[PDB]
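Commentary on secondary and tertiary structure
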Amino acid sequence: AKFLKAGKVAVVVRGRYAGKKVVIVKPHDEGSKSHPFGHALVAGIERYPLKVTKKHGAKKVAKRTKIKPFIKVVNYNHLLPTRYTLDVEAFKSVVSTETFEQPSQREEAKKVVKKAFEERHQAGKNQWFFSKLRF
Amino acid sequence: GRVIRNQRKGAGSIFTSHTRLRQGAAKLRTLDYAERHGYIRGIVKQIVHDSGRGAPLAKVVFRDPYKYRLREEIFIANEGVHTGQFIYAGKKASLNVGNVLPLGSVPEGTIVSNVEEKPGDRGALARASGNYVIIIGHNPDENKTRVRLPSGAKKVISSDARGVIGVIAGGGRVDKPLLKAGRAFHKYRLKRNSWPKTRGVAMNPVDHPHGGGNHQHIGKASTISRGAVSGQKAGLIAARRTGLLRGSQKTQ
Amino acid sequence: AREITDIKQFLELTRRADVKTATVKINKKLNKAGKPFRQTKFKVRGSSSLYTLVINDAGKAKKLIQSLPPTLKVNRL
Amino acid sequence: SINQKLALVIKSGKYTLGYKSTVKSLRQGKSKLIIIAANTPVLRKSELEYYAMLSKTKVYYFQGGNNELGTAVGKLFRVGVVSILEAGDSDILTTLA
Amino acid sequence: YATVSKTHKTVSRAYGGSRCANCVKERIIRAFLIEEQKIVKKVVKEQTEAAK
Amino acid sequence: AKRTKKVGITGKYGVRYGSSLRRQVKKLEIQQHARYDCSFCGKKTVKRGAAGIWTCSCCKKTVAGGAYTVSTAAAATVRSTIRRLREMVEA
RNA sequence: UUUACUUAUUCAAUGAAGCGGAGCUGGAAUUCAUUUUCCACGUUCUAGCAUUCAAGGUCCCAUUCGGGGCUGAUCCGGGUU
RNA sequence: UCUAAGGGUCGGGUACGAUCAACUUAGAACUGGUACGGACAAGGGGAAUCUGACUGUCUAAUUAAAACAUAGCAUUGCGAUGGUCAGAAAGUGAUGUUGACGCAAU
RNA sequence: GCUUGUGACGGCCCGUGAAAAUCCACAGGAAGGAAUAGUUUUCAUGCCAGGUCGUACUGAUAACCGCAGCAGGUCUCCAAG
RNA sequence: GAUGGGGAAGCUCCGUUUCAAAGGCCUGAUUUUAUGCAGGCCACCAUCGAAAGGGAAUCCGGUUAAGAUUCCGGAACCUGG
Ligand SMILES: [Mg+2]
Ligand SMILES: [Mg+2]
Ligand SMILES: [Mg+2]
Ligand SMILES: [Mg+2]
Ligand SMILES: [Mg+2]
Ligand SMILES: [Mg+2]
Ligand SMILES: [Mg+2]
Ligand SMILES: [Mg+2]
Ligand SMILES: [Mg+2]
Ligand SMILES: [Mg+2]
Ligand SMILES: [Mg+2]
Ligand SMILES: [Mg+2]
Ligand SMILES: [Mg+2]
Ligand SMILES: [Mg+2]
Ligand SMILES: [Mg+2]
Ligand SMILES: [Mg+2]
Ligand SMILES: [Mg+2]
Ligand SMILES: [Mg+2]
Ligand SMILES: [Mg+2]
Ligand SMILES: [Mg+2]
Ligand SMILES: [Mg+2]
Ligand SMILES: [Mg+2]
Ligand SMILES: [Mg+2]
Ligand SMILES: [Mg+2]
Ligand SMILES: [Mg+2]
Ligand SMILES: [Mg+2]
Ligand SMILES: [Mg+2]
Ligand SMILES: [Mg+2]
Ligand SMILES: [Mg+2]
Ligand SMILES: [Mg+2]
Ligand SMILES: [Mg+2]
Ligand SMILES: [Mg+2]
Ligand SMILES: [Mg+2]
Ligand SMILES: [Mg+2]
Ligand SMILES: [Mg+2]
Ligand SMILES: [Mg+2]
Ligand SMILES: [Mg+2]
Ligand SMILES: [Mg+2]
Ligand SMILES: [Mg+2]
Ligand SMILES: [Mg+2]
Ligand SMILES: [Mg+2]
Ligand SMILES: [Mg+2]
Ligand SMILES: [Mg+2]
Ligand SMILES: [Mg+2]
Ligand SMILES: [Zn+2]
């Protein structure tokens, strides 16, 4: 299918976020007035949770498991579509075209996705995704 | 009577090798655990020209089974191997050009380079651009393997002597006339001070056994005895025949 | 070594602690095509470099001059 | 032959040539079959292979180099991958392939 | 290069001032794919070891 | 305009060394300067430089080969045998 | 005299790293009582990544943050090979 | 003293015009006490014999050659516990960062 | 135009044409670090100090070597019409 | 070319990381006190050898009988703290 649909996981392949894993939340298959290319709106993980261990106690665990997100308008030709896939519904809304334009709105979206992304990492749910891709 | 030229060479003065530019010494990986129980993968990272050498070298890097670090080797590149190729070295390793394998684990007729005489000597036979050795049989009890070296000599070594599948790159180098003195000059310029060569027969008697006389001539049989003595031995040493080899050579 | 144009920023150099001396230079120059105009360069000797500020406009300069810190040590011309 | 089929397509169907644009086609799921030349590197191959499974698209490993694949599709240049979007009369889509 | 600020010695993607970006693109795909295939390799020959 | 009747690239040497030596060099020179097909991307862009080192303009792969030609009869037929012998140890 | 031994003597290799012996498990094997045995006993589409006594499991310190044992990684001989 | 040919740079709805800057080369007149690469600069040529193929080398200070070297050709030794060579000796050295498409000796 | 610097190319090789100090970067993520206030000196500005020996002239038909103010020899850079 | 060594009657010869028990960095542990020990590494093996090779950083104007990228004037830059 047109597999770049509403839940597909992909890896960024070009530019800062290169190497980082994402989730498409809304695809603009063909075109923008701007973005003259097939492009996706992804929220993804910029600074992954650091591996946690038995030794890790109390507050360090809390510390180690902080996630740092990001949100990107990104050309299809810079995503490696994955076989995997993650539920988008809690930040369906918060990641929009209108989200971009104005920083404040962008900062908020990341707050939201962050709350989302961190909750999700606790209790397994969507593993792999919260694990760095080494290269 | 003067010390003659071939005695002078041994004290190594002007006669030592011209070594400054060489890539390093080519030699198989040390025969460790990996290589003799299983196998181990590398990448040929670069195949590169060693000065005063017939054949290309091949820089080939591996992991260090015991420490987190890269350790690289210098291989004489067998013809056909290439940058980026994977190389496997070990008892249980596959039989392709480039890989290195104990002469036991390859069937008769296999063709291998840089093969060691004793296992772990990091490789001694067949290293010149062009040369190789063919395995011509095994004797499983007391694990030997018999080969035929470049010379034509057969010789029978341990089954654990590592060889490397293939022949040595840069072959046929010697079909091209040197054409002028300069090329020979530049050839030797990067090996050692052994060119050009004055004939013993153009020297005075101080200089050589061939020295002097009113015409140029050797004056006595130039086939010299094995049990000659330094200063005598020049000509055809221990020569067991002499003259134009008429008739097909090739050992039986 | 440094040319400056923010007339704000400038003033903040002149009151910048490490700044003992200053020096004004005056220049007859020509404007655009025909006429002349009186250029003035405002040089502040800081510790690690000399900041200079050109006021092409005559008026803009005269006013700027009385502004100079009473406790600064201007070299006139 | 397989060439013969392919040549049928090329004279009556719809197709795109080359890596960048058969990926456009794979994304769109427009591709019915993609044809892969021998010498084409494994990264490229494995990458297509992946885009291929994702779009649920069968894959044929042309047992020939990119030079001839170009000949196959009747083009005076080389091609390292073909994508079928519309098979003309040819049965490549529903034969041995 | 030690008399000159950090930004002058890098670009902002992973392996900034070190590998050629078109070369990181490559790292990534390969990384991803070889790792994915590992799973297939694991689970294909896992199948064997119940049917052989 | 046909420039030499036969000495070809060997013209630089002019009259020296003798027809026969020139004849031999001409062969391997033509061999060694020539531009070859690349196994890997399939563009004829493999040129020599340094004996036995053949490397490729685009796609940058260096292949170890014969001293004046990319592949060598011997090395081919060895390739050939190693095939043969390998297969004996898969089935 | 032959041919066998290894500790003298001799030769090589290595930041003396995995040797020799036994056991586990797979499995060919054909069972003439039941095992007599023989091999195996974590890596091969790809110019990626492989490091912090390791994560896991389990046991302690007296729970704070830190940290230790054991296992993961089977035994026995200290003949580096 | 004339003639001809060989260039730049600008606007044109989606055929040209305007100028700026160059020594090259050929052609034609006129002219002189037939001179003019006017000083400077600047190969003598040809036909053979002997001999070394060529370029290169040497007797500093009586020999530059036909002598040495060279490519090419041919022979010899050697698979490392080795060939050839060094040292009084040695837990010593040259070839050797080497392996017969090699090193050594003619 | 001449000198010289440099670039993108191209020719050649059985010749493919040094080393080390030193400097930077990236992969890694040990660890440390905030709201009643933390982290930051690879951004700017500001403070201090920087020892030791050589430094004259000649470099040649007179400062060097040839017994000498010897027609010899003795490494280089700049270069007008 | 010193060094554990190995030769040599001996002056000395050989070996240069070599059949050697070949060493120092980061900071924690101190709040008896200054540095014992708590980690963890690195096994790198002397040294001399370039006033043309490598290499942190300066320019202009003025100035002397004779010094100047060294003085003075101005304006910088590097290294360490
Ligand atoms: Mg040497
Ligand atoms: Mg000589
Ligand atoms: Mg000869
Ligand atoms: Mg001779
Ligand atoms: Mg000779
Ligand atoms: Mg003579
Ligand atoms: Mg004599
Ligand atoms: Mg005699
Ligand atoms: Mg004689
Ligand atoms: Mg004679
Ligand atoms: Mg930058
Ligand atoms: Mg990072
Ligand atoms: Mg050992
Ligand atoms: Mg004209
Ligand atoms: Mg004009
Ligand atoms: Mg006419
Ligand atoms: Mg005569
Ligand atoms: Mg001559
Ligand atoms: Mg000449
Ligand atoms: Mg003379
Ligand atoms: Mg004399
Ligand atoms: Mg002469
Ligand atoms: Mg003379
Ligand atoms: Mg002849
Ligand atoms: Mg001894
Ligand atoms: Mg010059
Ligand atoms: Mg080059
Ligand atoms: Mg850098
Ligand atoms: Mg810790
Ligand atoms: Mg700073
Ligand atoms: Mg001076
Ligand atoms: Mg003088
Ligand atoms: Mg004198
Ligand atoms: Mg004189
Ligand atoms: Mg000594
Ligand atoms: Mg020194
Ligand atoms: Mg120096
Ligand atoms: Mg210097
Ligand atoms: Mg001055
Ligand atoms: Mg003075
Ligand atoms: Mg002076
Ligand atoms: Mg000063
Ligand atoms: Mg100052
Ligand atoms: Mg500082
Ligand atoms: Zn290629």
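The rules behind the values
- Residue labels used throughout are counted from 1 along each chain in written sequence order rather than taken from the entry, whose numbering may differ, and residues without coordinates are not included.
- Lettering of chains starts at A and numbering of ligands starts at 1, both following the order in which they are written.
- Remember that the shown chains come from a larger assembly, so read each value as a statement about the shown part.
- Hydrogens and water are ignored here; the side-chain numbers use all heavy atoms of the structure.
- Residues with missing side-chain atoms are left out of burial classes, side-chain pairs and their counts.
- In this scheme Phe, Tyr and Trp rings, the latter by its six-membered ring, pair at centre separations within 6.5 Å, and the angle between planes marks the pair as stacked below 30 degrees, edge-to-face above 60, and tilted otherwise.
- Helix numbers and strand numbers start at the N terminus; a helix is a DSSP run of H or I with at least 4 residues, a strand a run of E with at least 2.
- With a 1.4 Å probe rolled over the protein chains alone, any residue whose accessible area is under 20% of its type maximum counts as buried; one over 50% counts as exposed, and the rest are partly exposed.
- The rule for donors is simple: N, O or S, within 2.8 Å of the metal, or within 3.2 Å if the metal is Na, K or Ca. Water isn't counted, so a site may look like it is missing partners.
- For patch building, the residue pool is restricted to those with more than 30% relative accessible area and no salt bridge; the joining distance is 9 Å between like charges and 5 Å between nonpolar side chains (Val, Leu, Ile, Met, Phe, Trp, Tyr).
- Accessible surface area values rest on a Shrake-Rupley calculation with a 1.4 Å probe, where residue burial reflects the displayed protein chains alone.
- Salt bridge, as used here, is a side-chain nitrogen of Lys or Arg placed within 4 Å of a carboxyl oxygen of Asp or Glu.
- We count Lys and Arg on the positive side and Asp and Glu on the negative side, and we leave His and both chain ends out.
- Think of each charge as sitting on NZ of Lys, CZ of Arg, CG of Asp or CD of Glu.
- Comment: axis = line fitted to C-alpha atoms, over the contacting stretch for helices; angle = value between 0 and 180 degrees taken between N-to-C directions.
- Handedness of each helix crossing follows the sense of rotation of the near helix against the far helix: counterclockwise by less than a right angle gives left-handed, clockwise gives right-handed.
- By definition in these notes, contact holds between two residues if any of their heavy atoms fall within 4.5 Å.
- Residues are grouped as follows: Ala, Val, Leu, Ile, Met, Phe, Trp, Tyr, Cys and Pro are nonpolar; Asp, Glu, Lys and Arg are charged; every other residue, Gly included, is polar.
- Any residue with a heavy atom lying within 4 Å of a molecule or strand is counted as near it.
- N or O atoms within 3.5 Å of each other form a polar contact, as long as, within protein, one can give a hydrogen and the other can take it, and as long as residues adjacent in sequence are counted only when both atoms are side-chain atoms.
- Take the accessible area each of two parts loses on contact, using a 1.4 Å probe, and add the two losses: that sum is the buried area.
- Pairs of strands are assigned from DSSP output, requiring at least two bridges between the strands.

Per the PDB record, this model was obtained through X-ray crystallography at a reported resolution of 3.2000 Å.

For any two aromatic rings, the description comes down to two numbers: the centre-to-centre distance and the angle of the planes. Taken as a whole, this structure holds 15 aromatic pairs over all chains when the rule is applied. On the numbers, 6.1 Å between centres and 55° between planes, the contact of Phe135(A) with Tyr15(E) is tilted. One end of the pair, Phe135(A), is in the segment after α2 (103–121); the other, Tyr15(E), is in the segment before α1 (22–48), on a second chain. Residue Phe135(A) is classed as partly exposed on the basis of its relative accessible area, which comes to 24%.

All names here are of chain B. Donor atoms from the polypeptide that coordinate the magnesium ion (ligand 9) comprise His210 (O), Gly212 (O) and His217 (O), at 2.6 to 2.8 Å from the metal. Each donor residue of the magnesium ion (ligand 9) lies on the same chain, and together they follow the pattern H-x1-G-x4-H. The exposure class assigned to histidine 210 is buried, which follows from its relative accessible area of 12%. Residue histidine 217 is classed as partly exposed on the basis of its relative accessible area of 43%.

All names here are of chain B. On the surface, a cluster of positive charge is made up of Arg5, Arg8, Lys9, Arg173, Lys187, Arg192 and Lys197. Structurally, the position occupied by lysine 9 is in the loop between α1 (5–8) and α2 (33–37). A residue is classified by how much of its surface remains accessible, and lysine 9, at 34% relative accessible area, is partly exposed.

Their axes nearest at 10 Å, the elements helix α3 (residues 42–54) of chain D and α1(E) cross at an angle of 60°. For the element pair α3(D) and α1(E), the recorded crossing hand is left-handed. Packed against α3(D), whose contacting residues are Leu43(D), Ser46(D), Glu47(D) and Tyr50(D), the element α1(E) presents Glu26(E), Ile29(E), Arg30(E), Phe32(E), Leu33(E) and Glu36(E) at the interface. Among the residues forming the contact of α3(D) with α1(E), the class breakdown is 5 nonpolar, 1 polar and 4 charged.

A few words on the protein's contact with RNA strand G. Lining the immediate environment of RNA strand G, one finds 40 residues, of which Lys55(A), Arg134(A), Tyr39(B), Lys92(B) and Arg27(E) sit closest. For RNA strand G, the fraction of atoms within 4 Å of the protein that belong to sugar or phosphate moieties is 49%. One nitrogen or oxygen atom from the side chain of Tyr66(B) is found 2.8 Å from a base nitrogen belonging to RNA strand G. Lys92(B) is positioned with one of its side-chain polar atoms (N or O) 2.7 Å from a phosphate oxygen of RNA strand G. Class assignment for the residues of the surface near RNA strand G results in 11 nonpolar, 10 polar and 19 charged.

Here the focus is the interface of chain F and chain B. Quite often, the size of an interface is put as the accessible area lost when its parts meet. Across the boundary between the two partners, chain F contributes 31 residues, which contact 33 residues of chain B. Both faces considered, chain F and chain B share a buried interface measuring about 2,500 Å² in area, 69% of it formed by carbon and sulfur atoms. The interface formed by chain F and chain B holds 1 salt bridge in total. We note a salt bridge from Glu29(F) to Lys176(B), for which the minimum N-O separation is 3.6 Å. At the boundary of chain F and chain B, one finds 9 residue pairs in polar contact.

Taken together, the contacts link 17 residues of chain A with 15 residues of chain E. Counting only elements with at least two residues in the side of chain A that touches chain E, the list comes to β1 (8–12) and β5 (79–85) of chain A. The element best represented in the side of chain A that touches chain E is β5(A), accounting for 5 residues.

Together, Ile39(E), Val40(E), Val43(E) and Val44(E) make up a nonpolar patch on the protein surface, roughly 280 Å² of accessible area in all. Inspection of the secondary structure assignment puts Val43(E) in helix α1.

Inspection of the region around RNA strand J gives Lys67(B), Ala1(C), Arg45(C), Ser48(C), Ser49(C), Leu50(C) and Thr3(E) as its neighbouring residues. When atoms of RNA strand J within 4 Å of the protein are sorted by moiety, sugar and phosphate together comprise 100%. Between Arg45(C) and RNA strand J, the recorded distance is 2.2 Å, taken from a side-chain N or O atom to a phosphate oxygen. Backbone polar atom of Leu50(C) to a phosphate oxygen of RNA strand J: 3.3 Å apart, as the coordinates give it. For the surface near RNA strand J, the class distribution of residues is 2 nonpolar, 3 polar and 2 charged.

Here the focus is the sheet that holds strand β4 (residues 62–64) of chain F. Residue and element names in this part refer to chain F. Within the open sheet, the 4 strands sit side by side as β1-β2-β3-β4. Their pairing is antiparallel. Every interior strand has two partners, whereas the edge strands, β1 (36–37) and β4, have only one. Note: strand β3 (residues 53–56) against β4, 3 bridges, orientation antiparallel. Directly across from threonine 55, in β4, lies its bridge partner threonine 62.

Here we take up the sheet that holds β1(A). Taken in spatial order, the 5 strands of this open sheet run β4-β3-β2-β1-β5 (chain A), and their pairing is antiparallel. Edge strands, defined here as strands with exactly one partner in the open sheet, are β4 (68–75) and β5 of chain A. Direction aside, neighbouring strands of the sheet carry axes that sit 35° apart on average. Where strand β3 (residues 39–47) of chain A lies against β4(A), 8 bridges are found, and the strand directions are antiparallel. By the bridge assignment for β4(A), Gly44(A) is matched with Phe70(A). Contacts from α2(A) reach β2 (21–28), β3 and β4 of chain A within the one sheet, and its direction differs from that of β4(A) by about 115°. Packed onto the sheet, α1(E) meets β1 and β5 of chain A and runs at close to 25° relative to β5(A).

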